[PDB]
Amino acid sequence: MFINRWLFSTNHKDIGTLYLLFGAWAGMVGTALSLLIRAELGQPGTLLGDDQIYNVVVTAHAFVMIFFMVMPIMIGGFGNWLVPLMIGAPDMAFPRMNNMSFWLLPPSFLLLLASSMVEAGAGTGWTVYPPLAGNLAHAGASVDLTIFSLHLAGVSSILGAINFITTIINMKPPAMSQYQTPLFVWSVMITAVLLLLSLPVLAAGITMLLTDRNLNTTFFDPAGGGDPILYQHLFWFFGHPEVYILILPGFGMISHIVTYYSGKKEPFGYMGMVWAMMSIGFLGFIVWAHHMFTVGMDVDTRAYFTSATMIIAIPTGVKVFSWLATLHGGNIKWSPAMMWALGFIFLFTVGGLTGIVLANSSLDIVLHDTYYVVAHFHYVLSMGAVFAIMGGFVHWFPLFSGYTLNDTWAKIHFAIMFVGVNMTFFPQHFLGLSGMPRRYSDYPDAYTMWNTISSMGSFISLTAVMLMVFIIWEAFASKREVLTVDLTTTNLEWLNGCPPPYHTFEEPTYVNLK
Amino acid sequence: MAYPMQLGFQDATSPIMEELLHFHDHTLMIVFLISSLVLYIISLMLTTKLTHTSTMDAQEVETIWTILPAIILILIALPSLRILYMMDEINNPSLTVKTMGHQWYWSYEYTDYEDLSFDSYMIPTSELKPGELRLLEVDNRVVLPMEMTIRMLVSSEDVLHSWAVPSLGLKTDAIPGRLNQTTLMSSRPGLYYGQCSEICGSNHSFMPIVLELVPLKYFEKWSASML
Amino acid sequence: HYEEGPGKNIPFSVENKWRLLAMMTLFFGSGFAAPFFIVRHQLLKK
Amino acid sequence: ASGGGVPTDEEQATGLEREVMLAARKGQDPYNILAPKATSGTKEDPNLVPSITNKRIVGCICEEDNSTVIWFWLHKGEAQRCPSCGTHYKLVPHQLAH
Amino acid sequence: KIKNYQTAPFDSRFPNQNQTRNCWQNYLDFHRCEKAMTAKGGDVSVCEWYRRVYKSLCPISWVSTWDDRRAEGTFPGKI
Amino acid sequence: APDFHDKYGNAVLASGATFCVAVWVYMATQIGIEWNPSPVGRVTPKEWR
Amino acid sequence: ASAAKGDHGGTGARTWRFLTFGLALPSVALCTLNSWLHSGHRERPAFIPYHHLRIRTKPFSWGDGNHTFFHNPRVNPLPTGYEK
Amino acid sequence: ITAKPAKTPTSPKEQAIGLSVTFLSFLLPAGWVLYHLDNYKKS
Amino acid sequence: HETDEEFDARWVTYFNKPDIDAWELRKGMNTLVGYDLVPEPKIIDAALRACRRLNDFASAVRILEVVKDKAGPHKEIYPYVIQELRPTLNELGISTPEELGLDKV
Amino acid sequence: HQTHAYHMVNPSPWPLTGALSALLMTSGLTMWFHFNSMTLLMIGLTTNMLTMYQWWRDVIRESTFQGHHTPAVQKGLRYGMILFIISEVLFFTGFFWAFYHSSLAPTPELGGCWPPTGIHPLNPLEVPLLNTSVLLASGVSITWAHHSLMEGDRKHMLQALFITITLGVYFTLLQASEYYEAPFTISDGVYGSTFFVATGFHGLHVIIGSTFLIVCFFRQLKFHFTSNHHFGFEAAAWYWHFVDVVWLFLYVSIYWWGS
Amino acid sequence: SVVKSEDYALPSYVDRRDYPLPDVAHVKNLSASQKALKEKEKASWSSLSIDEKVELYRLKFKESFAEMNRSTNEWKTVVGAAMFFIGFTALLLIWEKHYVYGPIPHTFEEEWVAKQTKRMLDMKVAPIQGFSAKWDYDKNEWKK
Amino acid sequence: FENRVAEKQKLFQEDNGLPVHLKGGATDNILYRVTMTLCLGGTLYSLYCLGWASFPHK
Amino acid sequence: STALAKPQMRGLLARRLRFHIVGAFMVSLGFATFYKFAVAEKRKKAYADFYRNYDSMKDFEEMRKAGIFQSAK
Ligand SMILES: CCCCCCCCCCCCCCCCCC(=O)OCC(COC(=O)CCCCCCCCCCCCCCCCC)OC(=O)CCCCCCCCCCCCCCCCC
Ligand code: HEA
Ligand SMILES: CCCCC/C=C/C/C=C/C/C=C\C/C=C\CCCC(=O)O[C@H](COC(=O)CCCCCCCCCCCCCCCCC)COP(=O)(O)OCCN
Ligand SMILES: CCCCCC/C=C\CCCCCCCCCC(=O)O[C@H](COC(=O)CCCCCCCCCCCCCCC)COP(=O)(O)OC[C@@H](O)CO
Ligand SMILES: CCCCCCCCCCO[C@@H]1OC(CO)[C@@H](O[C@H]2OC(CO)[C@@H](O)[C@H](O)[C@@H]2O)[C@@H](O)[C@H]1O
Ligand code: CUA
Ligand SMILES: [Cu+2]
Ligand SMILES: [Mg+2]
Ligand code: NA
Ligand SMILES: [Zn+2]
């Protein structure tokens, strides 16, 4: 029973559950790594003694948070659970391939951990640039284990994107057009299209790195006529789309949360929201060299990429505005999920504004590779992606489990986390304006005060993560079973009860053409 | 250099860094305007018992909120790009100097007339003289003439590094097999500090850059004595 | 076919809150402990 | 340049694929491949919603190009109305596979 | 004759940040000049400009490597 | 019929706040943490050469 | 382009088979002729130990570490020149 | 959302215990490694 | 769109339907409180009379609470509405939520 | 009983074994590159073929034998296959980018020219032109095979398909021969790197496409296809045109323009 | 009266400001006295007493508007407990300082700091706004 | 050759409770057990290799 | 006893929004004036005042006497 159900699954809900369990455990690993980064920096001097170990910890923190925590939970977890329930589909198009997307992730994670166990680990930064990543500065197997880790995660996501796109286009009620599907579904479809286009380019680039390292190719090695800068083009060609892939399903969840707890039956400006997501998806393919404003490209190239990058604010502010307009006239229910969402809307805006500042290749000369970049992206990842994840998790938890959380505990959890992240990342703006580099295990003495504060903030977010664990336990410990859910007439995923049964829509929904 | 509890940029030492300060002030004023406006609108949406939960019309209001950000972007881009091109403008330098990154130290080459080159390492903390700056000081500083246009050429002999001096508005990556150019002009004499700005291994945090900017006559005597 | 309903559509048991607490502790606790043990391993290897 | 030997669907299709093919040929849609056509949806002319149990989920697109679909359970019994536009739906249970 | 050199002037052939080829072209120019002169009987000192320019711009380790490859017969550029 | 917050709210508020302030003030001032604040207006410069 | 032929009324099996035997296979026979005619060995070029060629930054994982996978002694020099 | 009362209520006391054991499962192992970091450094 | 007077008339007519059932009564009020307005007394009047036809005293009181709720911080709206409705309240024996003590938490 | 037309798949062990076989293959390649040993690799290649064999066998059982591929299901498979081809295009795009990057701005270490000093390129009018005619002719015979199948002609289908497969094998033999005869190697700087990685990955795709055609061949011998329902053959034809087009781009970019 | 989980497909009762008339009555099973009351509601409502009008209200609805909209003291518990856990965090920082962190570099000694400040003034660090701009080079003191 | 598709349809549609991967009979099981043994043995071996590679072999 | 007058009863949310969006703007505009006076303009003037009678040789000479340089004792 157990093996058939849990190792041989063909069920979109149970596979979504596995992804949630996987990402939450990866979350713990990524968090402990971030605490180690902040411990090394929380006073002057060296704590690890070993600056290769520091770089290994920074690199692993990033891969774990992006590939094993954020993308499994948002796409694999929420996407599997919610997308068929939102369009009335009996499962995913390819329910057995879907299980391989999930099972590719523990072996991929195992390879990343193995790379930090053997030799001196991969202390390269998550961009893994040659020659630092090459077979002389990083001799031995660590960087090769890392590259293979990324191969298996890229294949898992590419097969997942093909599943989601096929499901969303092919398995709706015959009368429902694409313009009648919920915003979260659009957000996942568009994310799947970015994954499908950008992951194979990543795969081509790290393959060429692997051969430079092991087969005497010289794609990236000036001695054979190669060029380390070609690697950066290939990597960022994937890596920009990758940031938009991390945020877009959170945009989809935020729309549902803010609509729901405003008591509204639809988000304001549904076609503007869909337009804005497609526009961001499109523009996110033509801006990547803003990650390269110091490598020595022509001035015109840099002027174009500054300009193209700024355009992205326009569709983005359309969403920000449409969230606010959705709130407008609401009957506001101050639930914990709505608090996460309101925090998303504000902090994500701050983080997006610092991204605009960095979009100027002029000013970026002085901010590149400083802590101002680290501030920008932790605003949009650790207060955008992660707040959307927490909001989605408290909102839909009763659907997934059949039990309710203690809302008071959940609100305390939000308050502590909110204090923690702001105290950790806000002072990093000062550090980067004042010229402190990224990727440093120690700093000149003048930078002490901000670093001290930032490390203290990080322990406050630790307290919050521990509490969240306790909150989930308390809910399964107490077993308050769900009775009634509001607003089901515009939230189809709740209409089968909590939790829904194993097979839902065996008889599909009935929708008239009219 | 940065000083304790600094909030913003190092004082400009070069005209270009000064241009960046004023452009940054203009951009940050916009940023403050937008984020405060967003915060104000949120608190406004959340402080009334009045409700209106039936359908709203989107297409009308959507113009304001597309045209406005668009005018604002143009307001940032014009001056941004003017500065961009200025950093690129035909300059005619008086001196060329090469810097080569290595793991983990910089070497410098002044080969316009003689073959002057030398290595510049961090001073270890246990060897600092009282009043010297932990992690910042080198044994051999980069002596240059003040008030002159200098062409720096940057490259590396091993992995990537990046040569930066915040006060002057400079950062150029050091890529083996490639020669990147930037130009340096200091308005003032003195000592200006920077730090490797592209992760290069174990001692990335420990290969700093110190410029010593002095009158030409002193630069010439220094160069001769360094052969 | 499979069991359905609250506490049934998950691969771990929630029949006993205390065994569940032990299971959760191990599961999250081993995730959070692991990087500390990897750093130790790297210090001790040399 | 001409002979046979390739089976047809008519000869060789099986299981569900066959059931769909034969029902389509009689203009029936027991597997809900087509969108059902609306009636006037009044009290005397309700949309008839076939089902194999005693309730089925209806989604009503109240007005053309709504982006939001109104969802509700239709139970066996008297006609029920869409909570948003009031149009009528009546469940007709049964049969489908004989 | 026409010297008084401070450093290599701006060269509109190499107007961007990447100056790699500015070093390279001047290094080839000089040695192509020096071939033509030393062979066909003439004065190497017409070649001087190129030599000044490449000494200014080219890292010492590049010039030095390329010199050895010329001595060795493995210099890949056309001289 | 008074709830948890009606019976305990005030006591949780007052003593959470009291506790938090005391332990942060102690930590920040009594355990030797080097904050390295600005010398401006505080340090008397001394000859170093 | 429209090519220089005609049929476009019925694109059936018959037409495609005609093209296979009447155009596709004969081109293959002609390129085969052109080939098994320009073939026959080029006098292998002298060895010059250029530093951008015969790269060995790590040994290969087979043989003696120094021979590429389809190493042909007649036309592929080692870093030290042709083999005996 | 509405819910039934808890089928297995978790009292204040039981919450104290579950909170404590949760907090210690995160703090003790990390604390042990960190406490001994210095023995690993020169050793 | 439609003018204020047209909208008001439409809603008066809706509640005046002689054979209005309970479903349509609920549907109308629950739709009406979605707009940015406190309904005109004449709409409320028609809606209270419909409750009398359906023999539903409780919904008539709920309708008064909803009117007060819709006014939000504008304290002067509800006493004006009660004034205008006072004859209908007296005639049908409708007590106000305050008369019933239902305004006190 | 369901009243939708989609397929609920029986719980399957093949996901897990294909995921573990991925672990063993990447681990095994690391053992091979660093700890000189092929054991883990050999084991992973083995479990991987076993997983592909059983997985695609089961899909044939579900469709040819159990009738679960309704038109709704079949539409899904069409989309899946197009999407997968699209991802394979972007994959190859990374290699064409590498080639253009290196060749449009040759660096000083090469001699500052393209082809680099010391490299002697194959003549594009010889065997590379022949390979091109081989693959193009096989795009014609596979279209004949498809039309024969549609018109119900079993013998001509098998004949056309057989020709296509032979042209594919022939390309693979020409190319192995060319690899052996080439005077440059994968270690010959960026020229040999881009040449052998781009054509090598394409050669691997020719072998996967030939294998797919051979699977279609046997299924057709066994009467699995109808004149209307033959998605396995259509997927294989699209994938075979893809391999033909990637070859045309390689031939124009790398053999011709880059010689 | 008693709501069941398995009634998820049936209309249910909600108390919401924006949905004032719910789909079902709060009480559907009537005692003998409650039936006689519903009979009485079919006659003139002036005949009902205040107590009967209330009882009719409470069969149909569970909470009144005043009840459903009441504010609570939950904010105190939330802010209070959040400050508790935030103070608790300071304990972990105390432990960390005491047992994990060694001594900081000798460059933070008071005398080192005083010399380094003089040397930074000698070299005129940030002389336009940031640092030396705050020192009076003539009076040899920090600008007041 | 002959068209034996109908016989396989009958076999594979037999209502015997077997999932599709075991429905062709005793050979399915053997093939399945072999795959699964090589997968699990292989994985244990690769964890062993990892443990070996995690310490220096001076 | 006197009748109450009929108060405004429609568009009360819209009216509240109209009033305060102006306020939202004003703050900003009057704040804009503030960043640009207390910070930006102050900065242009700090730089221009400093460089108006700046003598770089005299500055150099004070640094040289303080013993800061490697090249100039
Ligand atoms: C935790 C330590 C904080 C230390 C504070 C400074 C000490 C003063 C020294 C004593 C003062 C002495 C005077 C000398 C002035 C130096 C001038 C200069 O050279 O400096 C240029 C500077 C100067 O800018 C500043 O002038 C200070 C900015 C402070 C922003 C206000 C938010 C404060 C919020 C709370 C902080 C943490 C918790 C949550 C943060 C919430 C996220 C915003 O550097 C920056 O670029 C930093 C800004 C980063 C970009 C942030 C984008 C939007 C942020 C929030 C929007 C809120 C709008 C609504 C209004 C929002 C109201 C809530
Ligand atoms: C979720 C992840 C995420 C998201 C969504 C973004 C969004 C943006 N990022 Fe960010 N970024 C990262 C994650 C992300 N980023 C990461 C990880 C890095 C570092 C990579 C590494 O080096 O390791 C990085 C680095 C980075 C750089 C490189 C700087 C450098 O290395 O020097 C740049 C520069 O252009 C940039 C810009 C932007 C911009 C312009 C946006 C925009 O899309 C933001 C748009 C949003 C808004 C503008 C706010 C909402 C709008 C309004 C309220 C309307 C009105 C506004 C105006 C008129 C201005 N980012
Ligand atoms: C007949 C044409 C058919 C080609 C395929 C058959 C040949 C053997 C296997 C290769 C197929 C695998 C992928 C191709 C990648 C590597 C390049 C192979 C192209 C090739 O075969 O190149 C040979 C070099 O081979 C070598 O090193 C080979 C070394 C073999 C090592 C395998 C490489 C391991 C790398 C695996 C990377 C996998 C990651 C893919 C990511 C998947 C996307 C997520 C060329 O021979 P040479 O002697 O240098 O020159 C000829 C001189 N006379
Ligand atoms: C030494 C050689 C091995 C090297 C490694 C990989 C090699 C082997 C790959 C060979 C590919 C063979 C795939 C065979 C699939 C057989 C099953 C099949 O074709 O299934 C068909 C459905 O298609 C479907 O699922 C379609 C399934 C299509 C999958 C195609 C995938 C190509 C695989 C690419 C693999 C790696 C890519 C390389 C990147 C490095 C079944 O439907 P029909 O045909 O309509 O039948 C039904 C009718 O009979 C009813 O009347
Ligand atoms: C980034 C996350 C880290 C957050 C901060 C961690 C907070 C610490 C909680 C404490 O955990 C421990 O406390 C110890 C004592 O203070 C240790 O005992 C050590 O100390 C002793 C005495 O001082 C001896 O009793 C013992 O042998 C022992 O090893 C040690 O084992 C450890 O488990
Ligand atoms: Cu050199 Cu970082
Ligand atoms: Cu980007
Ligand atoms: Mg960089
Ligand atoms: Na440190
Ligand atoms: Zn409707």
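Along the chain as shown, residues are numbered 1 onward.
Cβ atoms are placed via backbone N, Cα and C, with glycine included.
Taken from Swiss-Prot as is:
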MOD_RES   D:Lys37  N6-acetyllysine
MOD_RES   D:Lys55  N6-acetyllysine
BINDING   D:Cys60, D:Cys62, D:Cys82, D:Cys85  Zn(2+) binding site
MOD_RES   D:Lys90  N6-acetyllysine
Of all the modified residues given, namely D:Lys37, D:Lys55, D:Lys90, which is spatially nearest to D:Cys82 (Zn(2+) binding site) at the Cα level?
D:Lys90
Cβ neighbour count (10 Å, all chains) around D:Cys82 (Zn(2+) binding site) is 21
Taking the center of the Cβ atoms of D:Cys60, D:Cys62, D:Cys82, D:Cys85 at the recorded Zn(2+) site, which other residues in this chain have a Cβ no more than 8 Å from that point?
D:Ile61, D:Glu63, D:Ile70, D:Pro83, D:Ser84, D:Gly86, D:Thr87
Ligand 7: which of the recorded positions D:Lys55, D:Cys60, D:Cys62, D:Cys82, D:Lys90 have a Cβ closer than 6 angstroms to it?
none
Between the modified residues D:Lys37, D:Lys90, whose Cβ has more other Cβ atoms within 10 Å than any of the rest?
D:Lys90
Which residues, sitting 6 or more apart from D:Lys55 (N6-acetyllysine) on the same chain, put a CB under 8 Å from its CB?
D:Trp73, D:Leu74, D:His75, D:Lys76, D:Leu91
D:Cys85 (Zn(2+) binding site) to D:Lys37 (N6-acetyllysine), Cα to Cα, whole Å, comes out at 17
DSSP says D:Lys37 (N6-acetyllysine), in three-state terms, is coil
Within a 10 Å radius of its Cβ, which of these binding-site residues (D:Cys60, D:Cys62) has the fewest neighbouring Cβ atoms?
D:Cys62
How many Å lie between the Cα of D:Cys62 (Zn(2+) binding site) and the Cα of D:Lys90 (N6-acetyllysine)?
16
Does DSSP give D:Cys60 (Zn(2+) binding site) helix, strand or coil?
strand
Express the distance between the Cα positions of D:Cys60 (Zn(2+) binding site) and D:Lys37 (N6-acetyllysine) as a whole number of Å.
12
When you measure from the Cβ of D:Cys85 (Zn(2+) binding site), how many other Cβ atoms are you left with inside 10 Å?
14
The rounded CA-CA distance in Å from D:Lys90 (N6-acetyllysine) to D:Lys37 (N6-acetyllysine) is 14
Which recorded positions from the set D:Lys37, D:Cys60, D:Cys62 come near ligand 10, judged by a Cβ under 6 Å from any of its atoms?
D:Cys60, D:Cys62
